Every structure is written in structure tokens, then in C-alpha cells.
């Protein structure tokens, strides 16, 4: 069972389809309307069912044109409140009914961020976006909020007429709202069954530009041009992904560039990937995030984790595919560079969590744990590490990609656990079971800390990063004069980032070293978000007071948790900025994304 859902499990009943009809009210910061769920009984004599909700106001439940009895249970913290519905007529196995629930969301829905005009690029219109993963869909509409159930959907969304709605679905037309000529209805259809965490909505002053045969970029007008350039590799990435994963089944692959407060680098919403504007480096250097979101169209969206305990299936295989796309575009040495970078990231996470911490396990027990609190790079990189280790063990990339494609084919449109994956692994590689039995499965899947084996990594592109990092770490005062801008001349932006990543691992450095770095490399001028992030962390942890306003600024002017959370932690750990960190958080709290607010608050112990 899914310990994160309070709804009837899939073994009792299954939602087949959602029809959503709602209106977006910016003045009230509410979504209001009806969720019509087509539900199929999996049991004989079914007389009631339970749905997940969180901070939803229920007006009525209608079945067969009549109002029916329902009750809301006690709130169970982050899980929300179970909604039990008494069915008018007992259902047979496989019998389907339609249950139409009239509801309204709370302004504090953890699924939604409502932005005032002053929080947008254009400063004229408000903006709304959703983020349902893992378990926030219940904060938008009543549903079986579990990835074990996959449904198709249709929607009509009424918005002020000067604004545009988009969803994780194929755009199916727009018309004036016949109930209100100040409004427009946008229509949507998602014909491929999906888990409900992939339901998504944005409403705002959006413009679009075409960047490939099946891709429009959407954003506020101010970001469209930069976005179209930054993500121009999208179609070639899709073509490579199709070669590795099989047919792209989703029709459209559009991109939405969100305002700065979007909490993740991206979110793989079907037909409409959501991305952070911190990707806009000016040189396409952060495009691996697009590769990653594209790869989710197979691993995650087609083959889905059955519960959140098995989230590594989603993330590990997606990083694996992502690195193959990047490897095809830029070479195998680059795939290895990124892979080795990912091992370093895993080192950080384990060091930070503690090597006995339950959240360093590949498969976790999320019973009574808020998945938002458990989220980290561990399922990404430990997942990737396992697959890359298996790749090397089992005969190399070409062979392991054969498994990958077969795995996607096998489990498409289904939800699976680590058991299912392991069973199919053993089935596909039955001719190599002897090899497979040398894998320490208990350690890999269920033990905390670093993996029992480190894969083999090509070092070619990483050597120069390590060389320069070590020069700085081993430098004494009388050596600082030897550094100059020519040191970076043969480094790509990826290599500069990794140089900073390597050096940050040994932080603090002496304040004199860090001042010299700025003097010769002018890292303060770099706008690449990844590089700037690591540089500012390096400065704060090395106790450079001058970096305080820059770190505070980066932490608050964007909201990607990858950056914001460690920036606030570093600022709180520096005695000179500690009070500033806490105060700044308290001042920005109200206008932050609700999940980010909560997590930063936890991090700051406030």
C-alpha cells in the first residue's frame, strides 16, 4: 500500500478519468469548480470510497443527478483529510460510476503559488502555477492521490480573458466564458493515462514561440526570446530520447519558463515541462535539465513508481537516460564527466545527512515522513550510481540501453516497485545471473551511506578541475601571486563549475585565498546560476563578509530550492550573517512558494 495516501487503494477502486471544470479567482486566490471522477470498482458490493483532500472546501457530491452523503475525517498533518463518500447504490466488480464533487481550494493550498503583479516580469498581471509532486494534487482537487492509480483527463478552465491557461495536456481550444464575458474558457485533453501528481496548471500573461516541430516555449513576454535560444537543442534531445526510449507517445513537448520562485530545476508535466528561469545562462550550458525532463516522458511518466518509497525508479533511470542524451550530443568523455560529478554530489548528500541517515537509503520507508522533507539528490545519484555500476558489470552502455528500452516497453502505462524492476532485471539478464548475484542488493537498495562499490569513471575532463582545485587548496600566501585569469582559459563552464564544486568540498579556504580568487577570476561577474551558487557558498563558508549581500540576494531573488536552501543554511551558519538570514526569511516568508517557505523555515529552525 501507499502509506502517503488516505484514499481507497487501487485494489478497492480505480479512477479512470477526471473531468475538471473550474474557475481561477485571483482576487480570492481560489480555484472553484467540479471534479467529475469516473471510478471503477475493483470489489464486489462496494458501498463507499475514500478520497484524499487537503485544505479543500467541499460543497456537495453528486452521483446520478442526486446529492450523496460524504464526510471529512480529522486532518492528518501533511496528508490532509480523508473524504469518505457513501455510494447511493452498491457496485459490482468492474462497474463504473461518475462522482462529481463541487469544491474550492484554500488560498494556502500547498500545491499552488499565487503571485501578485509586482512578483511577475510584466508587473501588470497576476500569475498562478501548480506543483503536485509528490502529494499536493489533493490540495487542488479530491482524488486518489497516489501514483499507483493512472487516469486520463479533460479540463475546462475559466480565467480572466487577458490571461492564458495551460495544463499538462493537449490544448483543445479557447472560447469566451458564456457565463461571464470578462472571462475565457481554455480546454484541455490528456489521452495518455497518468498518475495525478502529473496534473498541472499555469495561468498568467503568457506568450509562446515555436522552437521545433513539436515544441513551443511559453513564458512572460520578457523571457520568451532568451528562452527560445537557451532551449534550442530541445528537438534534437527529443530525437535522441526516442532512439533510446522508444516512441514519444505524448504528442506535444512544450516548455514553460516559470517565474523565479519555481521550487525545482524542472518538473516533467506531460506535454508541458515546467522549468526554472535560473536555466537561462545565456549559453545553453544548463540544458541537461531539459534532457532530464525529456527523459521523464519514458521513465516516470510512462513507467511510474507505485509508491513514493520507490521514487529512485523514476529519478535514477531518468538521470541515466539524461546522461546518455548528453553523451550522444557531446561525447562519451562528457557522459563520464557528468557521471563523476554526480558521484561527488552523492558524497555531499551523504556527508551532509550522515552516513547512517535513513534518507540516504535508495528505497525509503516514507510512513509518517513528509516526502517534501525527504527529498534530496540521493534517489537521483545513488539511483544513477547503481545503474552505471550495473552497466559496467553487465557489458557496457549498448547492452544496458537494451535493457532500458525493454524495461520501458514492458512497464509502460503501469506503476511498479523495486521488486518488479529487480525481477525484470533478472529476467532480461538471465544469461548473466552469475554476474547479478555478485551485486550486494541489501547494501545497494536498503542500506544508508555511500554505495558499497564505486563505478569506474573516465577522468579526462575532470583532471584539470581537480588540478586547479588542488593548487588553490595547497597554496600558501606566497603562492597566491602565481594565480591569474589564464588558469581558466582552457576550462568550459561545466569545468569551472566542477572546479568550484571540488574546492567547496574542502571549504573553508583562508579568507586571503578567496579574496585572491575574486581578484584574478572575477567570479562575482558570473551569472551562470550553478557557478554563482557554488562561488557564493564558497565565500560565505570561508567567512567573507562582502559576499553576504550577494548571497542574501541570490537566496531571495530566485526560489529554486537547490540554491535557496543551502544559501540560507550557509548564511545562518555564518555568525556575521545569521541574524540577517533569519530576518530576511521572515520578511519574504509570505511571498515565497509554500513548500519552500516551510523547508527554509525548518532549515533555519524558525
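Residue numbers count along the first chain shown, from 1.
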| 361 to 369 versus 224 to 232 - greater average Cα B-factor per the deposited record | 361 to 369
| message | Quick check: 29 to 37 versus 559 to 567, which has the larger average CA B-factor in the record? | response | 29 to 37
| task | Select one of 432, 306, 534, 516: the residue whose C-alpha shows the highest B-factor in the crystal structure entry. | result | 432
| At the C-alpha atoms, which of 117, 193, 260, 204 reaches the highest B-factor in this entry? | 117
| said: Using the temperature factors of the C-alpha atoms in this entry, rank residue 62 within its chain: lowest, middle or highest third. | reply: highest
| request: Divide the modelled residues of the chain into thirds by Cα B-factor and specify which third, lowest, middle or highest, holds residue 538. | output: lowest
| Lowest, middle or highest third of the chain for the C-alpha temperature factor of residue 441? | highest
| Relative C-alpha B-factor of residue 376, binned into the chain's lowest, middle or highest third | middle
| query | Split the chain's modelled residues into thirds by Cα B-factor; is residue 93 in the lowest, middle or highest one? | reply | highest
